[PDB]
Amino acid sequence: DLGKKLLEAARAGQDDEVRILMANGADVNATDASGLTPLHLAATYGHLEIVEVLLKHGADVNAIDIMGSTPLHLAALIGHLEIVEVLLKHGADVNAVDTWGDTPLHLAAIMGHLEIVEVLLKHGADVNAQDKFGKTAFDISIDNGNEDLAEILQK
């Protein structure tokens, strides 16, 4: 099955093997057992060119795994700024909510990815969105004493 091979190639960052697999009918929207797609894995592990290739060939930019994670959630969590920008350019939902109630803004705020926080805000990230404990990204920055983040969130 070419789906599994494309998932592994996208995770592993093998640009050449990704192209060959898609040229042979690989399901660009294949899922592993948890619902992750090749775009999810390339977004997680920083493979910008594979992200770009997949989005040009039918990948669902807003696909969710079984926990509600989108590719943008994972890029915002891991801190891949260019991938965040490319996903947003291709219509990623900036306020997608996962099963924990987290939005991309929450995850970038928790992990201190301040440049990504600013990008997400400029693209309409919801500063009032609450996780399942009632916390907004601003609450996280106040509770953890991250003054730099709090200032970005207030501008």
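Residues carry their position along the shown sequence, with the first being 1.
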- prompt: So 102 to 110 or 32 to 40, which one's hotter by mean CA B-factor in the entry?
  reply: 32 to 40
query: For the C-alpha atoms alone, is the average B factor greater in 41 to 49 or in 22 to 30, going by the entry?
result: 22 to 30
task: Taking the values exactly as deposited, rank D15 by C-alpha B-factor within its chain and report the matching third: lowest, middle or highest.
output: highest
Chain third (lowest, middle, highest) by recorded CA B-factor, residue given as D131: lowest
